[PDB]
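Cβ: placed from backbone, ideal geometry, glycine included. Neighbour counts: every protein chain shown. Read-outs throughout are calculated quantities, based only on the coordinates presented, and are distinct from any laboratory measurement.
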Amino acid sequence: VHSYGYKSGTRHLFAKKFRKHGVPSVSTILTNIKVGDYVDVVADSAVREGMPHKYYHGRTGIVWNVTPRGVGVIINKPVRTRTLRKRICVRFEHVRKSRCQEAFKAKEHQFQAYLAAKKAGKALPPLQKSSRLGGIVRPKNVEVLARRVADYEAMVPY
Amino acid sequence: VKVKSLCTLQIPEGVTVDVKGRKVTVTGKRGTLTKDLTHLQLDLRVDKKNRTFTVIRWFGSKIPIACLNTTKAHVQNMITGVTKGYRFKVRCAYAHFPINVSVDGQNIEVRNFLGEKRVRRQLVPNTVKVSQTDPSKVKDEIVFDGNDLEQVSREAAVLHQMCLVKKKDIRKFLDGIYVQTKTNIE
Amino acid sequence: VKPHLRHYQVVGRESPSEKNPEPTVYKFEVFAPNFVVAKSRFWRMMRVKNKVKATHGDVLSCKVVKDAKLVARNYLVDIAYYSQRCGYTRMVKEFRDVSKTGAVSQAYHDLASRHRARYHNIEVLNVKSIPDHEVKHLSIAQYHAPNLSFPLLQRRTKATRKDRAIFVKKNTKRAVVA
RNA sequence: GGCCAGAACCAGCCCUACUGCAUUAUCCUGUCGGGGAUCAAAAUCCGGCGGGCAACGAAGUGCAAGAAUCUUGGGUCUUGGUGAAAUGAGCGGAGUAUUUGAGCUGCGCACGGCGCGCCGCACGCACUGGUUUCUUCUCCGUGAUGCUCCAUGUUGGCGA
RNA sequence: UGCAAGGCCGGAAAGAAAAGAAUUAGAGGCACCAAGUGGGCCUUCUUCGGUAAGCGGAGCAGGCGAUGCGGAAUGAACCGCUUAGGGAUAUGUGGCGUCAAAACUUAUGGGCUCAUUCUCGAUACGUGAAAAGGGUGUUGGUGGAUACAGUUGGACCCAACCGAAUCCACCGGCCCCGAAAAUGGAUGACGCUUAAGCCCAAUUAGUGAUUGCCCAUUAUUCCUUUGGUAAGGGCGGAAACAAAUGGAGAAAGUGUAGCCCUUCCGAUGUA
RNA sequence: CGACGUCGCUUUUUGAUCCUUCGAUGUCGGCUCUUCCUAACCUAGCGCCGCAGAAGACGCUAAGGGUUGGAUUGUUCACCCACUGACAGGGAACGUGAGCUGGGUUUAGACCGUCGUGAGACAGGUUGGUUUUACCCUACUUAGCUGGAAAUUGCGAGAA
Ligand SMILES: CC(=O)O[C@@H]1[C@@H](O)CN[C@@H]1Cc1ccc(OCC(=O)N[C@@H](CCCCN)C(=O)O)cc1
Ligand SMILES: [K+]
Ligand SMILES: [K+]
Ligand SMILES: [K+]
Ligand SMILES: [K+]
Ligand SMILES: [K+]
Ligand SMILES: [K+]
Ligand SMILES: [K+]
Ligand SMILES: [K+]
Ligand SMILES: [K+]
Ligand SMILES: [K+]
Ligand SMILES: [K+]
Ligand SMILES: [K+]
Ligand SMILES: [K+]
Ligand SMILES: [Mg+2]
Ligand SMILES: [Mg+2]
Ligand SMILES: [Mg+2]
Ligand SMILES: [Mg+2]
Ligand SMILES: [Mg+2]
Ligand SMILES: [Mg+2]
Ligand SMILES: [Mg+2]
Ligand SMILES: [Mg+2]
Ligand SMILES: [Mg+2]
Ligand SMILES: [Mg+2]
Ligand SMILES: [Mg+2]
Ligand SMILES: [Mg+2]
Ligand SMILES: [Mg+2]
Ligand SMILES: [Mg+2]
Ligand SMILES: [Mg+2]
Ligand SMILES: [Mg+2]
Ligand SMILES: [Mg+2]
Ligand SMILES: [Mg+2]
Ligand SMILES: [Mg+2]
Ligand SMILES: [Mg+2]
Ligand SMILES: [Mg+2]
Ligand SMILES: [Mg+2]
Ligand SMILES: [Mg+2]
Ligand SMILES: [Mg+2]
Ligand SMILES: [Mg+2]
Ligand SMILES: [Mg+2]
Ligand SMILES: [Mg+2]
Ligand code: NA
Ligand code: NA
Ligand code: NA
Ligand code: NA
Ligand code: NA
Ligand code: NA
Ligand code: NA
Ligand code: NA
Ligand code: NA
Ligand code: NA
């Protein structure tokens, strides 16, 4: 019956998308991974060397170790009553730089830019107003919402 | 429901119709008749000046409305009972064995029906007059006379039901005492 | 008794956005026990007709429409109901009532008793007061008679609650136990 | 009397009475035209036009904050008391006023027709604006030199 | 002077703005040493084998086991609610004809139903009793056709008298037939049919507004007990005061008749 | 009456399961005796027929009454002989073993055939093989004594 190997139950998981097959591109090779970076572990099915286990597909963690052809990632791993910090050894082709902190980094750089403009006599952008407030609505087009006999005839097939 | 449904009947010159709590009495010549209709729950009225009998059903569905044309037929039947009477002529039909019917006073005895040795006896109520016609005029005829249609029949029916062929083909063996003419006395 | 349904006019639209800076405003007619059910029925029509969700729209008004003065009238109610066996069944029925809400409340009790239809399976299409000469049903047209009268028969007249008794003398009004 | 019962009052709770603001128009009227049915009408019904409050015991519509003190509600055998510190708009002293709402209004600004400044403004915001026509009571006050518990009514019945 | 890494020295810090722009009965982490378990079972949804099973096997989650209480007559598991021991007031599920508390059989609400020997119906779970098929039983829809019509009567397969509404197909609601088992028996029993049945809808009823009523080990509140991951105050005897004729106490405290007082929260449970 | 399809009912058959019982619920049949069911064989009524009569087929209401004697077999079944109006089908712990019987099943002795090297095994055949207890409580059957309407009491008072 069902067996438990390294690649068991990975028929659709370790498969390339339709018309998106092929070995990884040049921009993957030129991407710089550093220790301390957040990375997504997504197995490339065309490489089949340094591949992560099926659990770590879709998991993201920080890089703890960089090696000539490989990357070390620390991944959380809920085991019974606690989560373990697991260090997986994969090739560089199975990791992507993570945009998980992109919105937070953009928020930090907005604050410094706002601070600089505020300290030195500059025009800050106007504050956004809530859309949930009230007001007077002047409707250009007003229609009658009602059920018609045509609605019931339409829904009958054949 | 229908708010008001009614039936109208015309009363002839010599007959009087009285209603009192759904109890109808019809008195013409040759007798008087009574009907207890307290099971019907209708509004019966008599207009003496215009000589008309009306029955009304207020706020009725189909079932109570069917009972006002039944009432109109019943009261009509008493009108033609105490004006003209009811006469039922009943004939005995046989293939081989003559059916000997003997009518005494209010008593009917039937013998030799299909050769049987059992005598069938029927006692006619005093409100129905039973007679045997002259065999010279017409052969094997018995006549029931009375004012009540429901009573003149049910004597002709009881006579018919007692001469029923048993354990034989009924399509063959057509012997019996069947009612032929339903007419009036006058 | 006063009707259990109220005449509501719910007015609403989809919230203005970049795709729809000036959305269409829709006026909806519903007969509901309260305005919370009225708004629920308004957003059910908006979703299944105009593809607008209650979470992406706003309500401009949910007021009650005032009844006309009480006059004995004939009301044409265009109504529909859903059953699993037959699907959608749309009927036009005539009612004798004094108000639009009373006629529609009567039509809801009528569809419940005769067709076992509940409120949320029923859709009212139109209610209007029609003249006597446009009435098709004989059961409604029998009340147009210029001189219409009838006796009150088979009536169970209960006593005033204060004056009701348990045991009463047979042919008197005296109360033995009360 | 440490027993039984009834009424008084206190404090706290728990119930009821007493209601204002907004809303209406698919509405209310009158009149013309149609349409309707009658013995003849009227009405139900559809249109144009003129006015509008179906009117606060109008509406079964949204929200209600109304000091049970004025203006002696009820219950507490569902609490504890009889003033052994009563913190009260309720106790005690003063005073006959202030202010907070409703009317009515000033200027400016917001807001709404129409357009780059005229009209309106239901009466919003600031002057905690102006008037006082009516509607309200407002102002002071008692530490524990009590660490803790217990101990203070009235009227009968029963108990000499 | 670039990249990588370990630091050092400074800077800035809405301590995270505004756009719907979180919330928390949110003290985080770390050990040590031990017990009972290691037959389970049942449900809403997903689900495999089997004709199925009160059958065997799984997924997420609740529950019973381990737990009564209030309800569905009865029932380990359904429904309500979960449990210190007492009161009052409100509820929940379920009810308001009697049994049996509540509509002493409520309304100044609307429809439908008649069921002759397992005797209509009033069974959520509970299939914890029913199908295909049928009904000119009644009362509602939809689409057509006819209308001096349809039906009688006279004349001869066909139109004239007659004087009004008829009939064709198809869908529902309730009721009926389908509908046969062994002790006498079961809407719980009686009984109920201007229901005390079914669907819908109210709360003293077109009058003037938005809480009819009855039942909990639940909710609110009051009294008392008990234990806190409990929170605080007092504890240097203020002064004065014999009997015959205001009193007593006041412990620096885990646990006592608890040092005393105030306050808040929890309280069931098999192994 | 009813192919191809299709919808059901029953629990008098087998299967499936493994809920109760392994400090024990006596395990087949027959005899005996009672009772219940109806899917009705005869008996009472009645429809319908390819219903002339006679005999019969199909169906309805109805379980009040009845439903035998034997050869072979432990047999339930099966089969035949005979009578009859008819010799229907079933349940009650596959009703009924402190009611019987013990033919069968079902130990220990022994024979056979097949199987096994063997001891031994065979829903294969054969022959022989302990059937215990009521005096208890109910239930039934008869047989006695005897109070009691506030069903013992209240004095609590109702006349077919
Ligand atoms: C009092 C008591 O124990 O009754 C228990 C309760 O659980 C209920 N029934 C149990 C007794 C019982 C009765 C009949 C049985 O059927 C016969 C059978 O199959 N085998 C026989 C043959 C044994 C000898 C072979 N060497 C047998 O075992 O008796 C089976 C078991
Ligand atoms: K005294
Ligand atoms: K299972
Ligand atoms: K209570
Ligand atoms: K009713
Ligand atoms: K059917
Ligand atoms: K029908
Ligand atoms: K304590
Ligand atoms: K045994
Ligand atoms: K024998
Ligand atoms: K017979
Ligand atoms: K047994
Ligand atoms: K035996
Ligand atoms: K043997
Ligand atoms: Mg898959
Ligand atoms: Mg994939
Ligand atoms: Mg014959
Ligand atoms: Mg008025
Ligand atoms: Mg004062
Ligand atoms: Mg174990
Ligand atoms: Mg219970
Ligand atoms: Mg009662
Ligand atoms: Mg039940
Ligand atoms: Mg019964
Ligand atoms: Mg019950
Ligand atoms: Mg405990
Ligand atoms: Mg077949
Ligand atoms: Mg099992
Ligand atoms: Mg034993
Ligand atoms: Mg035992
Ligand atoms: Mg036994
Ligand atoms: Mg039968
Ligand atoms: Mg019989
Ligand atoms: Mg018998
Ligand atoms: Mg013998
Ligand atoms: Mg059996
Ligand atoms: Mg025995
Ligand atoms: Mg024995
Ligand atoms: Mg033997
Ligand atoms: Mg041997
Ligand atoms: Mg021997
Ligand atoms: Na009537
Ligand atoms: Na069960
Ligand atoms: Na429980
Ligand atoms: Na101590
Ligand atoms: Na406590
Ligand atoms: Na079985
Ligand atoms: Na078993
Ligand atoms: Na033997
Ligand atoms: Na033997
Ligand atoms: Na004995």
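Run the simple label-point estimate for C:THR24 and C:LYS162 please: 7 Å along Cα→C-beta, distance reported in nm.
Output for this residue pair reads 6.0 nm.
What does the C-alpha gyration tensor say about the overall shape of chain A? Classify as rounded when a/c is under 1.5, otherwise prolate if a/b is larger than b/c, or oblate.
Cα axes put chain A in the oblate bin.
For chain A, take the longest principal axis of its alpha carbons; what is the angle in degrees between that and the long axis of helix A:102-119, to the nearest 10 within 0 to 90?
60
Classify region B:19-70 as rounded, prolate or oblate from the Cα gyration tensor: take a ≥ b ≥ c as the square roots of its eigenvalues, call it rounded if a/c is under 1.5, otherwise prolate when a/b beats b/c and oblate if not. Intermediate values should be presented prior to the final figure.
Numbers: a/c = 2.49, a/b = 1.69, b/c = 1.47.
Here region B:19-70 falls in the prolate category.
Would you mind classifying the protein assembly as shown by shape? Square roots of the alpha carbon gyration tensor eigenvalues, ordered a ≥ b ≥ c; an a/c under 1.5 is rounded, otherwise it is prolate if a/b is larger than b/c and oblate if not.
prolate
Name the residue, out of C:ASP78, C:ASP58, C:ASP163, whose mean-square fluctuation peaks in a Gaussian network model built on chain C with Cα pairs under 10 Å.
In the Gaussian network model the winner is C:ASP163.
Express in nm, to one decimal, how much length is gained between A:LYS20 and A:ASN141 on full extension, taking 0.36 nm for each residue of separation and deducting their alpha carbon distance. Intermediate results must be reported in sequence, preceding the final value.
On the way: separation 121, 0.36 × 121 = 43.56 nm, distance 4.71 nm.
That works out to 38.9 nm of additional length.
Who wins for biggest fluctuation among C:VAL77, C:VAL30, C:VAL168 in a Gaussian network model of chain C, springs between alpha carbons below 10 Å?
Looking only at C:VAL77, C:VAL30, C:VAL168, the biggest GNM fluctuation is shown by C:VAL168.
Using the 10 angstrom Cβ neighbour count as an exposure proxy, how do B:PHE97, A:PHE111 rank, fewest first?
The order, fewest Cβ neighbours first, is A:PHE111, B:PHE97.
Once both labels are modelled 7 Å past Cα along the beta-carbon direction, what's the B:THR27-A:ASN76 spacing in nm?
Each label point is offset 7 Å from its Cα along the Cβ direction, giving 10.9 nm.
What's the average, rounded to a whole number, of partner chain beta-carbon atoms within 10 Å of each residue's beta-carbon in A:146-154?
5
For peptide C:81-89, compute the average count of partner chain beta-carbon atoms within 10 Å of each residue's beta-carbon.
1
Treating the angle as unsigned and between 0 and 90°, give the value, to the nearest 10°, between the Cα long axis of helix B:62-79 and the longest Cα principal axis of chain B.
Approximately 70 degrees, to the nearest 10.
I'd like the distance between the alpha-carbon centres of region B:136-165 and region A:132-158, rounded to an integer number of Å.
First find each Cα centre; the distance between them is then 79 Å.
Given C:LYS19/C:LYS53; B:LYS4/C:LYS128; C:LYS63/C:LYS100; B:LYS2/C:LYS136, which pairs have Cα atoms separated by over 18 Å?
Violating the 18 Å Cα-Cα cut-off are B:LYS4/C:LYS128.
For an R0 of 45 angstrom, estimate the FRET efficiency from the Cβ-Cβ distance between A:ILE33 and A:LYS122 and round to the nearest 0.05.
0.75
Which whole-angstrom value gives the distance between the alpha carbon centres of region B:23-94 and region A:36-70?
Comparing the Cα centres of region B:23-94 and region A:36-70, I get a distance of 104 Å.
Can you tell me which of A:127-137, A:145-155, C:143-153 comes out highest on packing, and rank the rest after it, using the mean Cβ neighbours within 10 Å?
A:145-155, C:143-153, A:127-137
Which value in nm describes the separation of the simple spin-label points at B:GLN10 and C:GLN142, placed 7 Å from the Cα toward the beta carbon?
Those two pseudo-labels are separated by 2.8 nm.
Mind telling me which of B:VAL103, B:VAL82, B:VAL90 comes out most flexible in a GNM of chain B, alpha-carbon contacts under 10 Å?
Checking each option, the largest mean-square fluctuation is seen for B:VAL103.
Within a 10 angstrom radius of each residue's Cβ in C:13-24, how many Cβ atoms of other chains show up on average? Whole number is fine. Write down the numbers at each step before the final one.
Numbers: counts 5, 0, 2, 2, 1, 0, 0, 0, 0, 5, 4, 6.
For this peptide, the per-residue mean of nearby foreign Cβ atoms is 2.
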